[PDB]
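Q: Just dropping this structure here.
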Amino acid sequence: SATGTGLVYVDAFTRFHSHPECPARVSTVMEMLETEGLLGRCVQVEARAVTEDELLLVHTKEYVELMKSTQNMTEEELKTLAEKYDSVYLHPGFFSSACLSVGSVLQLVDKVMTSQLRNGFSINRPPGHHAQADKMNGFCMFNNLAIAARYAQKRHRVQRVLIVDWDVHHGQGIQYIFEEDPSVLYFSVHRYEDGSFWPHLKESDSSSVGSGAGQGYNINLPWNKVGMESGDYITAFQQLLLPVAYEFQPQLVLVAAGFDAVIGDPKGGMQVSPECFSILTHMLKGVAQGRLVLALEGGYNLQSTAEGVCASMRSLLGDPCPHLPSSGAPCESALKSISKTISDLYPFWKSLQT
Ligand SMILES: CC(/C=C/C(=O)NO)=C\[C@@H](C)C(=O)c1ccc(N(C)C)cc1
Ligand SMILES: [N+]
Ligand SMILES: [N+]
Ligand SMILES: [Zn+2]
């Protein structure tokens, strides 16, 4: 029986930066983890730099070289290149941080799949779930979890990987990468508002269920109203994700754990209590024998994000689930979105058919 919860963090995550995506995100998460006495209960795991071969599992050779050459670029060359991407800034140390950010999750995948640890959480920036095979996007250079997913498949002989994205933003990067791939199931719960919320993509609706052999293995649930709560996410997990999850039977679960959906986040617009992420985390522990790795994505209110991380951490540590301040009943708008997605993937999953 594997035991212990891995925690990867290195000061290098704070060496690149009004802007919402800042080193303050990660530094104050670690501080709240300590003062809550959660940090000392984790097994501290070293970070490592991702190798080129590992990056090439997801990203193109030309893109990797362009990103590597950003190290020596002038702040005007970084200005030029970054302007050709959607919502992306560049920094001389972005490449190093991005490399250590990916490797941090690979470190945790190794420990969980070799049963040295039960589960893990990398407090890493830059985030990844928006990054694509040949381009930067949404403050992401490399796709942390996509790389980790195929890494586990190659190195640790994993057949099926489930990726859960509860960040308020749609991880179109992950969706694009495994679009035709049935070995990796992608689930994304995100604010959409019929395309008026960033990234403003039609591919972010529940209509996109994948293509080819990957049909049915891509699941988007789009909120079309702000102010969603814990009762909405829990109902969404209970009626959609988890039925599919147990039918899918993954051997590793990766979580794009952004916390911009927590109450008080300026960007998300939702009202999800921090304690809700303790429940969602706990649900996912019943899948893949608890083999569960979380990686930081979004979240822009420093205290709310820190609370979300702590709440997720307690469940990783096997602490009792917390009391929920909000109602257990979901709203009508949430039910509409859940119904629509279920209807869109109905013929692909037996468990959805009632
Ligand atoms: C991309 C993103 C977060 C994604 C996320 O968190 N994914 O999980 C937020 C965007 C909309 C944003 O707010 C923004 C702010 C400033 C800016 N520039 C000053 C250029 C460009 C974009
Ligand atoms: N998401
Ligand atoms: N997929
Ligand atoms: Zn986000």
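Ordering of the structure tokens sets the chain letters (A, B, ...); residue numbers start at 1 within each chain; ligands are numbered from 1 in the order shown.
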Identify, on the basis of only C-alpha atoms, every residue whose closest approach to residue 319 in chain A does not exceed 10 Å; exclude the query and any residue fewer than 5 positions from it along the same chain; express the result as a list in words.
A: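 Here the qualifying residues turn out to be residues 278, 282, 311, 313 and 314 of chain A.
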Q: Which protein, DNA or RNA residues have an atom within 7 Å of ligand 2, counting only C-alpha atoms and all ligand atoms, as a short mmCIF file (atom, residue, chain, number, x, y, z; two decimals) with N, CA and C atoms, in the first residue's frame?
A:
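Everything below was put into out.cif:
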```
data_model
loop_
_atom_site.label_atom_id
_atom_site.label_comp_id
_atom_site.auth_asym_id
_atom_site.auth_seq_id
_atom_site.Cartn_x
_atom_site.Cartn_y
_atom_site.Cartn_z
N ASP A 165 -10.02 18.86 -15.66
CA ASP A 165 -9.68 20.28 -15.72
C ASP A 165 -10.77 21.13 -15.06
N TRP A 166 -10.60 21.47 -13.78
CA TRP A 166 -11.65 22.22 -13.10
C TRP A 166 -11.32 23.71 -13.01
N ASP A 167 -10.26 24.10 -13.71
CA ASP A 167 -9.95 25.51 -13.92
C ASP A 167 -11.15 26.16 -14.60
N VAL A 168 -11.38 27.44 -14.32
CA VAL A 168 -12.55 28.13 -14.86
C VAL A 168 -12.40 28.37 -16.37
N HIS A 169 -11.16 28.28 -16.87
CA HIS A 169 -10.90 28.46 -18.29
C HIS A 169 -10.79 27.12 -19.00
N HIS A 170 -11.27 27.07 -20.23
CA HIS A 170 -11.22 25.84 -21.02
C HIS A 170 -9.79 25.55 -21.47
N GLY A 171 -9.28 24.38 -21.10
CA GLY A 171 -7.95 23.98 -21.51
C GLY A 171 -7.94 23.44 -22.92
N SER A 188 -13.40 18.80 -19.10
CA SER A 188 -13.21 20.21 -18.79
C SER A 188 -14.52 20.87 -18.37
N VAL A 189 -14.56 21.33 -17.13
CA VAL A 189 -15.65 22.18 -16.66
C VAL A 189 -15.16 23.62 -16.63
N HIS A 190 -15.81 24.49 -17.40
CA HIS A 190 -15.32 25.84 -17.60
C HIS A 190 -16.44 26.84 -17.90
#
```
Q: May I have all residues of range 125-176 of chain A that DSSP, computed from the backbone, assigns to strand (DSSP E), given as a ChimeraX atom specification?
A: /A:161-165
Q: Taking only C-alpha atoms into account, which of A:57, A:279, A:136, A:329 comes nearest residue 315 in chain A?
A: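 Of all the options, A:279 lies closest to residue 315 in chain A.
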Q: Let me have all residues with an atom within 10 Å of ligand 3, counting only C-alpha atoms and all ligand atoms, laid out as a short mmCIF file (atom, residue, chain, number, x, y, z; two decimals) with N, CA and C atoms, in the first residue's frame.
A:
```
data_model
loop_
_atom_site.label_atom_id
_atom_site.label_comp_id
_atom_site.auth_asym_id
_atom_site.auth_seq_id
_atom_site.Cartn_x
_atom_site.Cartn_y
_atom_site.Cartn_z
N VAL A 161 -5.17 7.34 -19.35
CA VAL A 161 -5.01 8.48 -18.45
C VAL A 161 -6.25 9.36 -18.48
N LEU A 162 -6.78 9.67 -17.30
CA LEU A 162 -7.88 10.63 -17.20
C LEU A 162 -7.33 11.99 -16.78
N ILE A 163 -7.72 13.03 -17.51
CA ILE A 163 -7.36 14.39 -17.15
C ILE A 163 -8.60 15.20 -16.80
N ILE A 174 -5.02 21.11 -24.01
CA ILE A 174 -5.15 19.69 -23.74
C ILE A 174 -6.14 19.03 -24.70
N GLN A 175 -7.26 19.70 -24.97
CA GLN A 175 -8.25 19.18 -25.90
C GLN A 175 -7.67 18.95 -27.29
N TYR A 176 -6.93 19.93 -27.80
CA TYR A 176 -6.32 19.82 -29.13
C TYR A 176 -5.33 18.66 -29.22
N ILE A 177 -4.52 18.51 -28.18
CA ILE A 177 -3.45 17.52 -28.16
C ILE A 177 -3.97 16.08 -28.21
N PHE A 178 -5.02 15.79 -27.45
CA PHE A 178 -5.54 14.43 -27.39
C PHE A 178 -6.86 14.26 -28.14
N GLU A 179 -7.12 15.16 -29.08
CA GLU A 179 -8.38 15.17 -29.83
C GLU A 179 -8.71 13.84 -30.51
N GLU A 180 -7.70 13.22 -31.11
CA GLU A 180 -7.90 11.96 -31.81
C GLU A 180 -7.41 10.78 -30.98
N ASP A 181 -7.05 11.05 -29.73
CA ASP A 181 -6.47 10.03 -28.86
C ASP A 181 -7.48 9.52 -27.84
N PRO A 182 -7.86 8.24 -27.96
CA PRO A 182 -8.82 7.60 -27.05
C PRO A 182 -8.17 7.07 -25.77
N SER A 183 -6.84 7.08 -25.70
CA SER A 183 -6.13 6.58 -24.53
C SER A 183 -6.09 7.61 -23.41
N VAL A 184 -6.38 8.85 -23.76
CA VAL A 184 -6.43 9.92 -22.78
C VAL A 184 -7.80 10.58 -22.83
N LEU A 185 -8.53 10.51 -21.72
CA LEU A 185 -9.84 11.13 -21.62
C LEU A 185 -9.74 12.51 -20.99
N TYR A 186 -10.21 13.52 -21.71
CA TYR A 186 -10.16 14.88 -21.20
C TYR A 186 -11.55 15.38 -20.81
N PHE A 187 -11.65 15.82 -19.56
CA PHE A 187 -12.87 16.44 -19.05
C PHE A 187 -12.57 17.87 -18.64
N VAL A 209 -16.64 16.52 -29.14
CA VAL A 209 -16.48 15.30 -28.36
C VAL A 209 -15.25 14.51 -28.80
N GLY A 210 -14.41 15.15 -29.61
CA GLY A 210 -13.24 14.49 -30.15
C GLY A 210 -13.46 14.14 -31.61
N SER A 211 -12.48 13.49 -32.22
CA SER A 211 -12.60 13.06 -33.61
C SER A 211 -11.88 11.73 -33.83
N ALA A 213 -10.89 7.99 -33.63
CA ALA A 213 -10.94 7.07 -32.51
C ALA A 213 -11.15 7.79 -31.18
N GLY A 214 -10.89 9.09 -31.17
CA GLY A 214 -11.01 9.89 -29.96
C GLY A 214 -12.42 10.38 -29.68
N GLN A 215 -13.34 10.12 -30.61
CA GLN A 215 -14.74 10.50 -30.44
C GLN A 215 -15.31 9.94 -29.14
N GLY A 216 -15.81 10.83 -28.29
CA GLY A 216 -16.40 10.43 -27.02
C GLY A 216 -15.45 10.58 -25.86
N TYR A 217 -14.17 10.76 -26.16
CA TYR A 217 -13.14 10.84 -25.12
C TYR A 217 -12.72 12.28 -24.86
N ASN A 218 -13.52 13.22 -25.34
CA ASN A 218 -13.35 14.63 -25.00
C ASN A 218 -14.66 15.20 -24.48
N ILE A 219 -14.66 15.64 -23.23
CA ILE A 219 -15.89 16.08 -22.58
C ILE A 219 -15.79 17.51 -22.06
#
```
Q: Could you give me the residues within range 130-223 of chain A that DSSP places in helix (DSSP H, G or I), as number ranges by chain?
A: A: 144-155, 172-177, 193-195, 202-204, 212-214
Q: Taking only C-alpha atoms and all ligand atoms into account, list the residues no farther than 9 Å from ligand 1, as number ranges by chain.
A: A: 18-21, 83, 86-89, 127-130, 137-140, 167-171, 197-199, 256-260, 266-268, 297-300
Q: Find the residues around residue 133 in chain A up to 10 Å (only C-alpha atoms counted), leave out those fewer than 4 positions away in its own chain, and share them as an NGL selection string.
A: :A and (55-64 or 141-143 or 146 or 173-174 or 176-177)
Q: For the residues in the current selection, export N, CA, C and O atoms as a PDB file, in the first residue's frame.
A:
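The result, stored in part05.pdb:
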```pdb
ATOM      1  N   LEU A  55       9.543  16.725 -23.929  1.00  0.00           N
ATOM      2  CA  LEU A  55       8.788  17.823 -24.529  1.00  0.00           C
ATOM      3  C   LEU A  55       8.232  17.433 -25.894  1.00  0.00           C
ATOM      4  O   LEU A  55       7.138  17.852 -26.267  1.00  0.00           O
ATOM      5  N   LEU A  56       8.986  16.622 -26.630  1.00  0.00           N
ATOM      6  CA  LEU A  56       8.592  16.229 -27.982  1.00  0.00           C
ATOM      7  C   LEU A  56       7.453  15.211 -27.992  1.00  0.00           C
ATOM      8  O   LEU A  56       6.961  14.840 -29.055  1.00  0.00           O
ATOM      9  N   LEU A  57       7.041  14.757 -26.813  1.00  0.00           N
ATOM     10  CA  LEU A  57       5.894  13.861 -26.711  1.00  0.00           C
ATOM     11  C   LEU A  57       4.616  14.612 -27.057  1.00  0.00           C
ATOM     12  O   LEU A  57       3.602  14.013 -27.420  1.00  0.00           O
ATOM     13  N   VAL A  58       4.680  15.933 -26.946  1.00  0.00           N
ATOM     14  CA  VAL A  58       3.514  16.780 -27.133  1.00  0.00           C
ATOM     15  C   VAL A  58       3.802  17.923 -28.103  1.00  0.00           C
ATOM     16  O   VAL A  58       2.991  18.217 -28.982  1.00  0.00           O
ATOM     17  N   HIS A  59       4.965  18.551 -27.951  1.00  0.00           N
ATOM     18  CA  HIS A  59       5.314  19.732 -28.740  1.00  0.00           C
ATOM     19  C   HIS A  59       6.241  19.407 -29.912  1.00  0.00           C
ATOM     20  O   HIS A  59       6.990  18.434 -29.873  1.00  0.00           O
ATOM     21  N   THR A  60       6.192  20.237 -30.950  1.00  0.00           N
ATOM     22  CA  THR A  60       6.993  20.007 -32.147  1.00  0.00           C
ATOM     23  C   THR A  60       8.450  20.399 -31.919  1.00  0.00           C
ATOM     24  O   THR A  60       8.760  21.181 -31.021  1.00  0.00           O
ATOM     25  N   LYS A  61       9.340  19.849 -32.738  1.00  0.00           N
ATOM     26  CA  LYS A  61      10.769  20.104 -32.594  1.00  0.00           C
ATOM     27  C   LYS A  61      11.100  21.565 -32.873  1.00  0.00           C
ATOM     28  O   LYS A  61      11.984  22.141 -32.239  1.00  0.00           O
ATOM     29  N   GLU A  62      10.377  22.162 -33.815  1.00  0.00           N
ATOM     30  CA  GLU A  62      10.593  23.558 -34.179  1.00  0.00           C
ATOM     31  C   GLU A  62      10.141  24.507 -33.072  1.00  0.00           C
ATOM     32  O   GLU A  62      10.769  25.539 -32.831  1.00  0.00           O
ATOM     33  N   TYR A  63       9.048  24.153 -32.404  1.00  0.00           N
ATOM     34  CA  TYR A  63       8.509  24.972 -31.325  1.00  0.00           C
ATOM     35  C   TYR A  63       9.421  24.939 -30.104  1.00  0.00           C
ATOM     36  O   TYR A  63       9.629  25.957 -29.449  1.00  0.00           O
ATOM     37  N   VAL A  64       9.963  23.764 -29.808  1.00  0.00           N
ATOM     38  CA  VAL A  64      10.872  23.596 -28.679  1.00  0.00           C
ATOM     39  C   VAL A  64      12.129  24.450 -28.848  1.00  0.00           C
ATOM     40  O   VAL A  64      12.599  25.077 -27.895  1.00  0.00           O
ATOM     41  N   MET A 141       3.550  28.042 -21.739  1.00  0.00           N
ATOM     42  CA  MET A 141       4.543  27.749 -22.764  1.00  0.00           C
ATOM     43  C   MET A 141       4.533  26.265 -23.137  1.00  0.00           C
ATOM     44  O   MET A 141       4.473  25.917 -24.318  1.00  0.00           O
ATOM     45  N   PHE A 142       4.596  25.392 -22.133  1.00  0.00           N
ATOM     46  CA  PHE A 142       4.509  23.946 -22.364  1.00  0.00           C
ATOM     47  C   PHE A 142       3.308  23.359 -21.634  1.00  0.00           C
ATOM     48  O   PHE A 142       2.929  23.845 -20.576  1.00  0.00           O
ATOM     49  N   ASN A 143       2.713  22.307 -22.190  1.00  0.00           N
ATOM     50  CA  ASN A 143       1.515  21.731 -21.589  1.00  0.00           C
ATOM     51  C   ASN A 143       1.859  20.665 -20.557  1.00  0.00           C
ATOM     52  O   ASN A 143       2.013  19.485 -20.887  1.00  0.00           O
ATOM     53  N   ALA A 146      -0.445  17.354 -20.337  1.00  0.00           N
ATOM     54  CA  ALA A 146      -0.411  16.602 -21.583  1.00  0.00           C
ATOM     55  C   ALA A 146       0.905  15.844 -21.685  1.00  0.00           C
ATOM     56  O   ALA A 146       0.926  14.659 -22.017  1.00  0.00           O
ATOM     57  N   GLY A 173      -5.792  23.660 -25.081  1.00  0.00           N
ATOM     58  CA  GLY A 173      -4.495  23.068 -25.345  1.00  0.00           C
ATOM     59  C   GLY A 173      -4.526  21.562 -25.162  1.00  0.00           C
ATOM     60  O   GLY A 173      -4.121  20.816 -26.052  1.00  0.00           O
ATOM     61  N   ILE A 174      -5.020  21.114 -24.011  1.00  0.00           N
ATOM     62  CA  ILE A 174      -5.149  19.686 -23.742  1.00  0.00           C
ATOM     63  C   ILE A 174      -6.140  19.026 -24.700  1.00  0.00           C
ATOM     64  O   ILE A 174      -5.894  17.923 -25.188  1.00  0.00           O
ATOM     65  N   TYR A 176      -6.927  19.927 -27.800  1.00  0.00           N
ATOM     66  CA  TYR A 176      -6.324  19.822 -29.131  1.00  0.00           C
ATOM     67  C   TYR A 176      -5.331  18.664 -29.218  1.00  0.00           C
ATOM     68  O   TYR A 176      -5.305  17.930 -30.207  1.00  0.00           O
ATOM     69  N   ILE A 177      -4.517  18.513 -28.177  1.00  0.00           N
ATOM     70  CA  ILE A 177      -3.447  17.521 -28.165  1.00  0.00           C
ATOM     71  C   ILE A 177      -3.969  16.083 -28.210  1.00  0.00           C
ATOM     72  O   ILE A 177      -3.430  15.249 -28.939  1.00  0.00           O
TER      73      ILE A 177
END
```
